[PDB]
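If you read the protein sequences in the order shown, they are chains A, B, C, D, E and F. FYI, in the authors' numbering the residues of the first sequence are 1279 to 1371, 1381 to 1519. Counting from 1, position 199 in the second sequence corresponds to residue 329 in the authors' numbering; the numbering is continuous, with no gaps. Counting from 1, position 4 in the third sequence corresponds to residue 755 in the authors' numbering; the numbering is continuous, with no gaps. Counting from 1, position 16 in the fourth sequence corresponds to residue 355 in the authors' numbering; the numbering is continuous, with no gaps. Counting from 1, position 15 in the fifth sequence corresponds to residue 575 in the authors' numbering; the numbering is continuous, with no gaps. Counting from 1, position 24 in the sixth sequence corresponds to residue 106 in the authors' numbering; the numbering is continuous, with no gaps. Just so you know, even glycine gets a beta-carbon here, dropped at the ideal spot from N, CA and C. Comments concern the structure below.
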Amino acid sequence: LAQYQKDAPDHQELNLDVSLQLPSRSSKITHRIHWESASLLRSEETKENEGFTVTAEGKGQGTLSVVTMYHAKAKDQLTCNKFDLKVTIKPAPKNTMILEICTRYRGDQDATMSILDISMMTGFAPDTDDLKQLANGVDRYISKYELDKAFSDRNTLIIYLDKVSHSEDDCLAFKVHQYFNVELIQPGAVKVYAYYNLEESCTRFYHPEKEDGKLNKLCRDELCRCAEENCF
Amino acid sequence: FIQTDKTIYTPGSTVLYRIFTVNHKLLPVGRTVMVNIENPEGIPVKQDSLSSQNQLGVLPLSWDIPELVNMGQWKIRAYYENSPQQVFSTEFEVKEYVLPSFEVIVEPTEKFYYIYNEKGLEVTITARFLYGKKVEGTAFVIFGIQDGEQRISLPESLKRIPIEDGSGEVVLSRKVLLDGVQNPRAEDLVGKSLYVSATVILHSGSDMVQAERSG
Amino acid sequence: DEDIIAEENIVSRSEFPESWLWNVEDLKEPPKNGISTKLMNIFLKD
Amino acid sequence: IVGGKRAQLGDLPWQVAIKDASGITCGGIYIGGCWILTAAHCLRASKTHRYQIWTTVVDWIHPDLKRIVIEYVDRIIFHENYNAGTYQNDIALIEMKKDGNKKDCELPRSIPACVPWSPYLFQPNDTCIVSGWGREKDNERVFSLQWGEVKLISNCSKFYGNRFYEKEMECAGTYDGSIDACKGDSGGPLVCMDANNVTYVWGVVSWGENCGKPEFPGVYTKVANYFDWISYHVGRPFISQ
Amino acid sequence: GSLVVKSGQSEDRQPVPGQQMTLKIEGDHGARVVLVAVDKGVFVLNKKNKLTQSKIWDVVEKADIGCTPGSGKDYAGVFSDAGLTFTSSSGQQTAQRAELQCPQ
Amino acid sequence: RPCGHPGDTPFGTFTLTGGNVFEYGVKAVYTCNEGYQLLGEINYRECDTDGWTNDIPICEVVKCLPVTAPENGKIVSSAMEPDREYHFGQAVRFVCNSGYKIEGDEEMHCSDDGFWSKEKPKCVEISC
Ligand SMILES: *[C@@H]1O[C@H](CO)[C@@H](O)[C@H](O)[C@H]1NC(C)=O
Ligand SMILES: *[C@@H]1O[C@H](CO)[C@@H](O)[C@H](O)[C@H]1NC(C)=O
Ligand SMILES: *[C@@H]1O[C@H](CO)[C@@H](O)[C@H](O)[C@H]1NC(C)=O
C-alpha cells in the first residue's frame, strides 16, 4: 500500500491542440489546452456566418460551444410596451390651443403613482388658471414650484397622478398660450411612467397638426435622411 | 491588495487596477503573482503571471472589457506564485449606466426601530447635487419588511412628499406596519428588519434617482 | 450680434471621465521632520 | 512569406500595418492621399475606430521610434458584392483621419504604389514581390518584415478548378520554391515593377491555401478588375488612368 | 507613517472646469504614491469593494495566530492560545498544533 | 482664445509648457509611463488659432522576445501559451526534466529594455 501511494500517478494527461482551419488567410489562432489552465475559457470570434472546420489533436477531453450573437427583429413593441398614450393638440375656440392627454395602463391591475412630463412647444406656455383647476384634488398634483412660475420661462411641467386606470383611458386637458413666435416650432412631448420603473415608459410628441410626433423624415428600408427644410 | 479605480464599469471601458505586493510585515517585496479574471458565472477568462520586481511593491495592470458581455459581479483573483492556497480577491460590477448627477440620502432618525414606538420610523430624505448645491423636487417613499431574503412590500406605506430645500420627512406609522403584516402579534417582528426605498425626481424631470437603506 | 461671444470661439466641454489621474509620484523632496511635501500641478476635467 | 529575407526600413516604404488589441491582423498598402488598400475579408468590424494603422515599422518588437508615425482610422469601405463563400470581390478601402488644422495627412516616409487599370499591363511569368507580416513554415515568428519574389501563373483552374475566377482573382507562386505569403500576411501588397520601375499593386493577398505545396499556389484577388470601383470612392486624383 | 493630500493653493481660488490646480502631497520620504480621481456619481451607484485602511488592518488581523483574548487553562495554554510555542530542555513544552485555523 | 482640453492618451500624462491655462501659444508635451514607449516623433500638441497639433500621441507596452525551452527542459508557466510576444511585466519559469538540474536563473520577467531580466539558463544532468 505504501508503494501504491508512491507509484500513485497524478492526473490523466490533458494537452489539447485545437486549430481553427479556415481556407482563407487571417492570423494563426492556435490553442494549447493544458492541465494548469484547463478551466480557462478560450473564446474565438469569427465575423463571417459560415460553415468551418475545427481540428483538435492530443490527449484529454474538452467541450466546443459555437454561439453566434446577432440582432433579431422584434414584433413586440420596444417603446410604450406597458402604457398607451394618445396626445392631441387643437386650436381653442395671440394664439391659444388645447392640449389633451389620454393614458391607459396595459396591465391586469391599475397602475400606481405616475408622472406626466410635459414639455411645451417652442413659444408656448400653459394657462395658469387651467393648471390650478386640474391640480385641486381629483387624484392629481402639481407642485407649488410649477404653479408659481410666470407664464414666461414655463416651458416644462410635471403633473403627478395618484393612479392611472387600466380599464379605460383617464383624460385631462388644459389651454396653452403662444408667448414667443418662431417660424420653426419645435414639437412638444409628453412622457408617462410609473415611479417604481423608469424604463417601462411611453413618450409622445405633438406639433400643431403634423401627424404623430415625428419630423418629416424620408425613410426606406433601414436608412433615413432628414427632410426638415424646403424641398428646394 | 487589489485596488480598482472604480466600483462599476460600462461594457467597452478599461479596468485599471493595482496589485500591492507586500510580506507579512507589510513591507513592499518583489515576487511573481498569478492573476485570474473571473466572470459572474465563475469561469476564469484571462490568466496571467507577472512580476513585482523593480516595481516598489506596486503592480499597475489593466483589463479591457468586451462590448458584448454578461452583466453582474466580476472578480479579480490574485495569489502569489509560491502560495496558490492564499487567494486574494476583489469584485467589480459591470453594468450599463449613466451618472445620476445628484445624490439621494435616506437617513432614519434612529439606526433601529423600537417595536413599541407608536411614532413609527421617521425618515429624513436629503437630496443634493454632486457639486454641493441642494436639490428641489419630489420624492416617492415606500417601506418594506425583510425576513432573511424574503421581502414583503407594504403598499399602504407609499407616500409622496415634497423635497423642499434639499430636505423631506416621511413617517411609517406603527398602525400601517402592523396592518401590512397578516399577524396581530407584534412580537414576531422582532428579529426582522425594515428597508426604505426613496425615488427623487427633479422638477425639470430630466433626472431620477432611486436609493435604498435596508437592514 | 453685439456684446456676445461668437459661436466659433466657444470650446465645448468634452472631458467627462468617470476616473482619471492614474499617476505615480515619488517623494524625493528634502524631508521636514521626516515628512517630504510634493506640490503637484494637475489640470481638472470638464 | 515562406522564404525571403528580413526587410529593412528603406526597402518597401509602401507597406502598412493593421494591428488590433490582440496582436496584428494582416496589413494593407498605401495608394496615396489618405487611403489604404487592403482585403475586405481580413477586417470585418463595424467597430472600426479601434483598428489603428502602423507604417514603416519593419520590426514589431524594437521600432526605431524615428518617423514611425501611426494614424487613426476614420472610415471603412467594403465591396457591396463581396461573397463570403467563394471569397470573391475581396477588396476594401481605409480612410485615415487628420486634425482639422491640416487639410491632409502628411506621411513623409511611405511612398504610394499606384493602381493598375488593365489586366494586360502585366502578364504571367513576371517577377512580382509579395511582402508582409506572415508566417514562414508554420512557425509563429512574424516579428520582422519578410519579402520574397514570386511568379504569376496563368489559368489557375488547373490547381483549384471551379473555386478560382480569373476575372476577379489572380495566382502567383513559385514551383518547388514554395516562397509564398501565408496566413498572417493577408491583404498585403503583391507588387510588381515596370520597365521604368514604376511600382504597381497587381493584387492583394486574398485566400490561397496552405503554403509550401507547389501544386497549390497562393490565390490573390486581382486589383486591376476593381480599378473603377476604387475610383468611385476616392475620386479621380493621383496617377494618370 | 503618514500620507495627506490637500490643497496646494489658497482657499479663495475656486476650482473651475479645466483650470490648473496645485495639489499638496505630504508623506514619507522616498515613498512612491499612486493616485486616482473618481467622480462621486460612481459611489452613488456602487460604494463597495473600496480600498480603505481599515480593510487592510482587517486582513492582517484575520491571519493572526492567536485565538483568545488572554491567558489559558494552564501555563502551556497561555503560550498556545497567544500564538507561541514554548519548549524547555527539562520537558515543559506546549502541545503540538496541527490546525491552521483557530478552534470554533 | 482658449483651446480645448488636449485629451488624455492611455498610459501617459501631459504637461503644459509656457502658461497655466490651455490658451493660444501653449505647448502640451506628452510622456509615457514606465514600461511604455512613446512611438512616433510627434510628442507635443500646440494650441494654435484653430486647435491643437496633429492627432494624439500613443503609448505602447514594450514587448519581449519569446524564449524557447532549454534542452532537456520545458516551460509550462506564464500566460496563454505558445511562441508569442511577451509584453512588459509577464514572467516565465524554468523547470528541467527529470534527471536534469537547473544551472542558472530559474525565473525571469519582461524588463524595461524589451529584453529579459536574466539570461536563459541551462539544463545539465544531475551529477554529484
Ligand atoms: C517563365 O518566366 C521566365 C521569366 O524569367 C521565362 O524566362 C520563362 O521562359 C517562363 N517559362 C514559361 C514556361 O512560361
Ligand atoms: C488552361 O487550359 C487547360 C484547361 O483545359 C488547363 O489544363 C491548362 O493547364 C491551362 N493552359 C494554359 C496554356 O494556361
Ligand atoms: C529600373 O530597374 C533596373 C533594375 O536593375 C535598374 O537597372 C534601372 O536603373 C531602373 N531604372 C530604369 C529607368 O530603368
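query	result
Beta carbon nearer than 7 Å to a non-hydrogen atom of ligand 2	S493(D), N494(D), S496(D), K497(D)
Classification of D519(D) by the beta-carbon crowding that lies within 10 angstroms, buried from 16 upward	buried
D599(E) vs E769(C) beta-carbon contact at 8 Å	yes
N1293(A) Cβ short of 7 Å to ligand 1 heavy atom set	no
Own chain residues within Cβ distance below 6 Å of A269(B), not counting five before or after	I255, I291, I293, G298, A328, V330
Option nearest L1471(A) by Cα separation, candidates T1399(A), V1425(A), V1479(A), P1495(A)	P1495(A)
Beta carbon of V234(B) nearer than 8 Å to that of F273(B)	no
For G542(D) and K522(D), believed in contact at Cβ under 8 Å, the rounded distance	Contact doesn't hold; Cβ gap of about 17 Å is too wide.
Residues of its chain near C1458(A), where Cβ-Cβ distance is below 6 Å and the 5 sequence neighbours each way are ignored	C1389
Cβ shell of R1491(A) (< 6 Å), same chain only, five flanking positions each side left out	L1363, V1365, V1477, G1500
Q276(B) versus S283(B) - alpha carbon distance	9 Å
Contact between the stretch 235-255 of chain B and the stretch 591-609 of chain E (3+ Cβ pairs under 8 Å)	no
Where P238(B) falls: helix, strand or coil (DSSP)	strand
7 Å Cβ cut-off: residues of chain C touching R83(F)	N760
C-alpha gap between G133(F) and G785(C), whole angstroms	45 Å
Buried versus exposed call for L772(C) [16 or more other C-beta atoms within 10 Å across all chains shown]	buried
Simplified DSSP state of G310(B), which is helix, strand or coil	helix
Ordered list of beta strand (DSSP E) runs contained in the stretch 538-569 of chain D, each at least 3 residues	538-544, 557-561
Contact list for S765(C) against chain F, beta-carbon separation under 9 Å	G86, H87, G89
Residues from the stretch 564-590 of chain E in contact with chain B, defined by Cβ distance under 9 Å	none
Nearest-angstrom Cα separation, counted from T394(D) out to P528(D)	14 Å
Separation of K476(D) from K490(D), as counted between CA atoms	19 Å
Assigned secondary structure, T1357(A) (DSSP; H/G/I helix, E/B strand, else coil)	coil
Positions along the stretch 1293-1320 of chain A whose CB lies within less than 7 Å of some CB in chain D	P1301, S1302, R1303, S1304, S1305, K1306
Span of the alpha helix (DSSP H) around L1418(A)	1415-1422
Boundaries (first-last residue) of the beta strand (DSSP E) holding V604(E)	That residue, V604(E), is in no beta strand (DSSP E); its alpha helix (DSSP H) goes 600-605.
The stretch 92-109 of chain F contacting the stretch 342-361 of chain D, beta-carbon criterion three pairs below 8 Å	no
Spatial distance of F131(B) from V1345(A) (CA atoms)	36 Å
Cβ of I793(C) within 8 Å of any chain E Cβ	yes
For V152(B) and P158(B), the rounded distance between their alpha carbons	4 Å
Chain-order list of residues whose beta-carbon lies under 7 Å from that of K136(B) (same chain, five-residue window excluded)	none
Secondary structure of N422(D), DSSP reduced to three states	coil
Cα-Cα separation between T513(D) and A534(D), rounded to whole angstroms	22 Å
Neighbour list for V604(E) in chain B, Cβ cutoff strictly below 7 Å	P230, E233
Closest residue to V412(D) among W374(D), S496(D), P458(D) (Cα-Cα distance)	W374(D)
Chain B within 8 Å of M1400(A), Cβ atoms only	yes
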